[PDB]
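Novice: Here it is: the structure, laid out below.
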Protein chains: 2
Amino acid sequence: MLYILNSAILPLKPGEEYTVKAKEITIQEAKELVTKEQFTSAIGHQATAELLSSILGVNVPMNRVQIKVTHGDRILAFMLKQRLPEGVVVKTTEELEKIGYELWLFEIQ
Amino acid sequence: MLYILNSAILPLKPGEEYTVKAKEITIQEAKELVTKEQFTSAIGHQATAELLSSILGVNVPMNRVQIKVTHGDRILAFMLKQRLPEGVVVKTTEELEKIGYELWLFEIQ
């Protein structure tokens, strides 16, 4: 399964050791990824869901659930370029854009 | 550098593709790790710093800073077993223990 996550987290299923491939990708590559297979959003902030929906051209719901990844899964991760103060949630796509972000693809094996 | 992080985040330096090895470890293995080489804490919640200091027997400061990892670095990650509501910070080691956690070692190459 391809998961879309709102941070660069690697929520691995216990019981196994893993090798993870990681690379940064463009918006267009990310768009192609989420267009050509089923994805599961675990995006947990409204503004992040709104921004990802816009840049990817698909419905990225705000779905604040715990997911675990295991062998064969992939993660599209939205990685904000700064660390936020404790408890702070960025409420606008405008602020997310000014802070800046990277899109990463993690492939779990 | 060995970093101690308060979530299972993989804050990779852009400009390169990576292979990351990941496995769960015991408290004793984690203790040995942080005892035998220099570490840099980026723990960003008081209760998590207090808990890690206790279980590892070393000073794990609360140091809420952005760090990036690259080839040759390792991460000791504290991974809480549940996802928290938006903006919520767990304020007691007692609650962290009841939720439960895993310690993961990520080796970045």
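Chain identifiers are assigned as A, B, and so on, following the order in which chains appear in the structure tokens; residues are numbered from 1 within each chain, and ligands are numbered from 1 in order of appearance.
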Check every residue of chain B for an atom within 12 Å of chain A, counting only C-alpha atoms, and provide those that qualify as an MDAnalysis selection string.
Specialist: chainID B and resid 5:25 42:46 62:68 70:71 75 77:91 101:109
Novice: Output the selection as a PDB file, in the first residue's frame - C-alpha atoms for each residue.
Specialist:
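Generated output (result-v3.pdb):
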ATOM      1  CA  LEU B   5      14.697  11.480  18.386  1.00  0.00           C
ATOM      2  CA  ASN B   6      11.206  11.564  20.002  1.00  0.00           C
ATOM      3  CA  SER B   7       9.371  10.055  17.045  1.00  0.00           C
ATOM      4  CA  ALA B   8      10.212   7.637  14.206  1.00  0.00           C
ATOM      5  CA  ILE B   9      11.141  10.479  11.849  1.00  0.00           C
ATOM      6  CA  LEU B  10      13.790  10.128   9.097  1.00  0.00           C
ATOM      7  CA  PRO B  11      14.907  13.755   8.567  1.00  0.00           C
ATOM      8  CA  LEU B  12      17.174  13.076   5.612  1.00  0.00           C
ATOM      9  CA  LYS B  13      19.483  15.703   4.107  1.00  0.00           C
ATOM     10  CA  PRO B  14      18.430  16.515   0.552  1.00  0.00           C
ATOM     11  CA  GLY B  15      20.817  15.980  -2.372  1.00  0.00           C
ATOM     12  CA  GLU B  16      21.262  12.219  -2.166  1.00  0.00           C
ATOM     13  CA  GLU B  17      19.321   8.958  -2.253  1.00  0.00           C
ATOM     14  CA  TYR B  18      19.610   6.690   0.789  1.00  0.00           C
ATOM     15  CA  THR B  19      19.349   3.139   2.015  1.00  0.00           C
ATOM     16  CA  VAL B  20      18.240   2.904   5.652  1.00  0.00           C
ATOM     17  CA  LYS B  21      18.461  -0.194   7.826  1.00  0.00           C
ATOM     18  CA  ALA B  22      15.845  -0.357  10.603  1.00  0.00           C
ATOM     19  CA  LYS B  23      15.324  -2.670  13.548  1.00  0.00           C
ATOM     20  CA  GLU B  24      13.696  -2.540  16.936  1.00  0.00           C
ATOM     21  CA  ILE B  25      16.004  -2.829  19.945  1.00  0.00           C
ATOM     22  CA  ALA B  42      16.804  16.294  19.556  1.00  0.00           C
ATOM     23  CA  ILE B  43      14.090  15.252  22.021  1.00  0.00           C
ATOM     24  CA  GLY B  44      11.345  17.863  21.878  1.00  0.00           C
ATOM     25  CA  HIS B  45       9.026  17.026  24.818  1.00  0.00           C
ATOM     26  CA  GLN B  46       9.884  17.158  28.526  1.00  0.00           C
ATOM     27  CA  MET B  62      15.017  18.215  25.962  1.00  0.00           C
ATOM     28  CA  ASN B  63      16.581  19.906  22.885  1.00  0.00           C
ATOM     29  CA  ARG B  64      13.850  20.877  20.423  1.00  0.00           C
ATOM     30  CA  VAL B  65      16.007  21.616  17.417  1.00  0.00           C
ATOM     31  CA  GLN B  66      15.943  20.574  13.788  1.00  0.00           C
ATOM     32  CA  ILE B  67      18.557  17.991  12.848  1.00  0.00           C
ATOM     33  CA  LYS B  68      19.275  16.392   9.494  1.00  0.00           C
ATOM     34  CA  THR B  70      22.943  11.795   6.185  1.00  0.00           C
ATOM     35  CA  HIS B  71      25.146   8.875   5.247  1.00  0.00           C
ATOM     36  CA  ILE B  75      19.031   7.420  14.895  1.00  0.00           C
ATOM     37  CA  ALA B  77      14.004   6.695  17.796  1.00  0.00           C
ATOM     38  CA  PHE B  78      11.393   6.664  20.539  1.00  0.00           C
ATOM     39  CA  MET B  79       8.187   5.507  18.829  1.00  0.00           C
ATOM     40  CA  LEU B  80       4.974   5.872  20.802  1.00  0.00           C
ATOM     41  CA  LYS B  81       2.542   2.994  20.172  1.00  0.00           C
ATOM     42  CA  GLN B  82      -0.443   5.281  19.487  1.00  0.00           C
ATOM     43  CA  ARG B  83      -1.065   8.412  17.466  1.00  0.00           C
ATOM     44  CA  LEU B  84      -2.053  11.446  19.552  1.00  0.00           C
ATOM     45  CA  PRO B  85      -4.776  14.006  18.773  1.00  0.00           C
ATOM     46  CA  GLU B  86      -3.701  17.197  17.018  1.00  0.00           C
ATOM     47  CA  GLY B  87      -1.535  19.458  19.150  1.00  0.00           C
ATOM     48  CA  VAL B  88      -1.518  17.092  22.147  1.00  0.00           C
ATOM     49  CA  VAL B  89       1.688  16.572  24.091  1.00  0.00           C
ATOM     50  CA  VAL B  90       1.898  13.784  26.656  1.00  0.00           C
ATOM     51  CA  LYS B  91       3.049  15.466  29.863  1.00  0.00           C
ATOM     52  CA  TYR B 101       6.670   2.626  23.072  1.00  0.00           C
ATOM     53  CA  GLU B 102       9.246   0.989  20.861  1.00  0.00           C
ATOM     54  CA  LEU B 103      12.908   1.870  20.470  1.00  0.00           C
ATOM     55  CA  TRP B 104      14.142   1.708  16.907  1.00  0.00           C
ATOM     56  CA  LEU B 105      17.644   1.972  15.470  1.00  0.00           C
ATOM     57  CA  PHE B 106      17.906   3.485  11.995  1.00  0.00           C
ATOM     58  CA  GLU B 107      21.238   3.317  10.201  1.00  0.00           C
ATOM     59  CA  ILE B 108      21.506   5.759   7.263  1.00  0.00           C
ATOM     60  CA  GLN B 109      23.699   4.954   4.279  1.00  0.00           C
TER      61      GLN B 109
END
Novice: Step one, run DSSP on the backbone; step two, keep only residues of chain B assigned to helix (DSSP H, G or I); then write them as a list in words.
Specialist: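 DSSP-assigned helix (DSSP H, G or I) residues in chain B: residues 27, 28, 29, 30, 31, 32, 33, 34, 35, 36, 46, 47, 48, 49, 50, 51, 52, 53, 54, 55, 56, 93, 94, 95, 96, 97, 98 and 99 of chain B.
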Novice: Would you save the residues of that selection, restricted to N, CA, C and O atoms, as an mmCIF file, in the first residue's frame?
Specialist:
data_model
loop_
_atom_site.group_PDB
_atom_site.id
_atom_site.type_symbol
_atom_site.label_atom_id
_atom_site.label_comp_id
_atom_site.auth_asym_id
_atom_site.auth_seq_id
_atom_site.Cartn_x
_atom_site.Cartn_y
_atom_site.Cartn_z
ATOM 1 N N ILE B 27 15.761 -1.921 25.558
ATOM 2 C CA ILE B 27 16.341 -0.882 26.398
ATOM 3 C C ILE B 27 17.832 -1.124 26.618
ATOM 4 O O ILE B 27 18.613 -0.192 26.533
ATOM 5 N N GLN B 28 18.240 -2.361 26.894
ATOM 6 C CA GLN B 28 19.643 -2.619 27.175
ATOM 7 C C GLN B 28 20.504 -2.321 25.963
ATOM 8 O O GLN B 28 21.573 -1.737 26.100
ATOM 9 N N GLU B 29 20.063 -2.721 24.772
ATOM 10 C CA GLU B 29 20.815 -2.424 23.561
ATOM 11 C C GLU B 29 20.909 -0.920 23.349
ATOM 12 O O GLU B 29 21.956 -0.411 22.959
ATOM 13 N N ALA B 30 19.820 -0.217 23.616
ATOM 14 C CA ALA B 30 19.794 1.243 23.461
ATOM 15 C C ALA B 30 20.743 1.915 24.464
ATOM 16 O O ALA B 30 21.442 2.865 24.119
ATOM 17 N N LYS B 31 20.763 1.408 25.694
ATOM 18 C CA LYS B 31 21.672 1.881 26.739
ATOM 19 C C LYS B 31 23.115 1.733 26.297
ATOM 20 O O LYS B 31 23.914 2.664 26.409
ATOM 21 N N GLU B 32 23.450 0.573 25.757
ATOM 22 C CA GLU B 32 24.815 0.343 25.307
ATOM 23 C C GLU B 32 25.206 1.293 24.178
ATOM 24 O O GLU B 32 26.313 1.823 24.148
ATOM 25 N N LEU B 33 24.293 1.490 23.237
ATOM 26 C CA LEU B 33 24.494 2.402 22.128
ATOM 27 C C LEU B 33 24.849 3.815 22.619
ATOM 28 O O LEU B 33 25.855 4.391 22.199
ATOM 29 N N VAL B 34 24.026 4.386 23.493
ATOM 30 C CA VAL B 34 24.212 5.781 23.898
ATOM 31 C C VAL B 34 25.334 5.947 24.914
ATOM 32 O O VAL B 34 25.836 7.047 25.115
ATOM 33 N N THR B 35 25.727 4.857 25.553
ATOM 34 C CA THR B 35 26.834 4.902 26.485
ATOM 35 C C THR B 35 28.180 4.913 25.753
ATOM 36 O O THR B 35 29.100 5.627 26.159
ATOM 37 N N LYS B 36 28.291 4.161 24.664
ATOM 38 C CA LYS B 36 29.581 3.941 23.985
ATOM 39 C C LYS B 36 29.952 4.896 22.835
ATOM 40 O O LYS B 36 31.048 4.789 22.241
ATOM 41 N N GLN B 46 9.306 17.382 27.206
ATOM 42 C CA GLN B 46 9.884 17.158 28.526
ATOM 43 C C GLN B 46 9.719 15.737 29.024
ATOM 44 O O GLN B 46 10.666 15.120 29.488
ATOM 45 N N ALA B 47 8.503 15.200 28.953
ATOM 46 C CA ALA B 47 8.274 13.859 29.502
ATOM 47 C C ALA B 47 9.072 12.792 28.747
ATOM 48 O O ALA B 47 9.528 11.810 29.337
ATOM 49 N N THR B 48 9.234 12.980 27.442
ATOM 50 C CA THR B 48 9.998 12.027 26.655
ATOM 51 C C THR B 48 11.478 12.082 27.041
ATOM 52 O O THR B 48 12.115 11.036 27.167
ATOM 53 N N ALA B 49 12.014 13.280 27.276
ATOM 54 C CA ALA B 49 13.402 13.413 27.753
ATOM 55 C C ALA B 49 13.593 12.769 29.123
ATOM 56 O O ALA B 49 14.585 12.090 29.376
ATOM 57 N N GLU B 50 12.618 12.966 30.002
ATOM 58 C CA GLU B 50 12.686 12.390 31.337
ATOM 59 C C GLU B 50 12.640 10.873 31.274
ATOM 60 O O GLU B 50 13.406 10.196 31.962
ATOM 61 N N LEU B 51 11.734 10.325 30.467
ATOM 62 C CA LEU B 51 11.619 8.880 30.348
ATOM 63 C C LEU B 51 12.883 8.274 29.757
ATOM 64 O O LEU B 51 13.416 7.290 30.270
ATOM 65 N N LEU B 52 13.376 8.857 28.668
ATOM 66 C CA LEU B 52 14.590 8.330 28.030
ATOM 67 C C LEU B 52 15.801 8.443 28.948
ATOM 68 O O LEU B 52 16.634 7.529 29.021
ATOM 69 N N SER B 53 15.913 9.558 29.666
ATOM 70 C CA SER B 53 17.003 9.670 30.647
ATOM 71 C C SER B 53 16.980 8.522 31.663
ATOM 72 O O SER B 53 18.021 7.940 31.974
ATOM 73 N N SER B 54 15.789 8.198 32.157
ATOM 74 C CA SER B 54 15.614 7.128 33.127
ATOM 75 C C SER B 54 15.950 5.772 32.554
ATOM 76 O O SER B 54 16.732 5.030 33.137
ATOM 77 N N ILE B 55 15.356 5.419 31.421
ATOM 78 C CA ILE B 55 15.536 4.053 30.932
ATOM 79 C C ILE B 55 16.948 3.841 30.379
ATOM 80 O O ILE B 55 17.464 2.723 30.448
ATOM 81 N N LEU B 56 17.573 4.897 29.846
ATOM 82 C CA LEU B 56 18.928 4.783 29.279
ATOM 83 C C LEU B 56 20.042 5.061 30.284
ATOM 84 O O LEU B 56 21.192 4.731 30.008
ATOM 85 N N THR B 93 5.601 10.806 32.192
ATOM 86 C CA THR B 93 6.222 9.539 31.836
ATOM 87 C C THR B 93 5.236 8.379 32.094
ATOM 88 O O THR B 93 5.239 7.378 31.390
ATOM 89 N N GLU B 94 4.357 8.537 33.081
ATOM 90 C CA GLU B 94 3.391 7.505 33.415
ATOM 91 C C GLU B 94 2.475 7.251 32.228
ATOM 92 O O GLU B 94 2.200 6.101 31.883
ATOM 93 N N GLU B 95 1.991 8.311 31.582
ATOM 94 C CA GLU B 95 1.128 8.118 30.419
ATOM 95 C C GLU B 95 1.923 7.518 29.252
ATOM 96 O O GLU B 95 1.421 6.647 28.562
ATOM 97 N N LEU B 96 3.149 7.974 29.027
ATOM 98 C CA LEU B 96 3.980 7.389 27.984
ATOM 99 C C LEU B 96 4.133 5.882 28.177
ATOM 100 O O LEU B 96 4.056 5.116 27.222
ATOM 101 N N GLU B 97 4.340 5.460 29.410
ATOM 102 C CA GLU B 97 4.479 4.036 29.704
ATOM 103 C C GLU B 97 3.194 3.251 29.468
ATOM 104 O O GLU B 97 3.245 2.129 28.990
ATOM 105 N N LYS B 98 2.048 3.819 29.829
ATOM 106 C CA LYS B 98 0.769 3.144 29.596
ATOM 107 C C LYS B 98 0.433 3.043 28.118
ATOM 108 O O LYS B 98 -0.084 2.024 27.668
ATOM 109 N N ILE B 99 0.717 4.094 27.357
ATOM 110 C CA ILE B 99 0.545 4.025 25.903
ATOM 111 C C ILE B 99 1.479 2.969 25.338
ATOM 112 O O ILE B 99 1.079 2.155 24.481
#
Novice: Please, which residues of chain A, numbered as in this document, come out strand (DSSP E) from DSSP, as a ChimeraX atom specification?
Specialist: /A:2-5,18-25,39-41,74-80,101-108
Novice: One number please: atom CA of residue 72 of chain B to atom CA of residue 41 of chain B, in Å, one decimal.
Specialist: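 Atom CA of residue 41 of chain B lies 16.8 Å from atom CA of residue 72 of chain B.
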Novice: Which value, in Å to one decimal, gives the distance between atom CA of residue 69 of chain A and atom CA of residue 4 of chain B?
Specialist: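 Straight-line distance from atom CA of residue 69 of chain A to atom CA of residue 4 of chain B works out to 21.6 Å.
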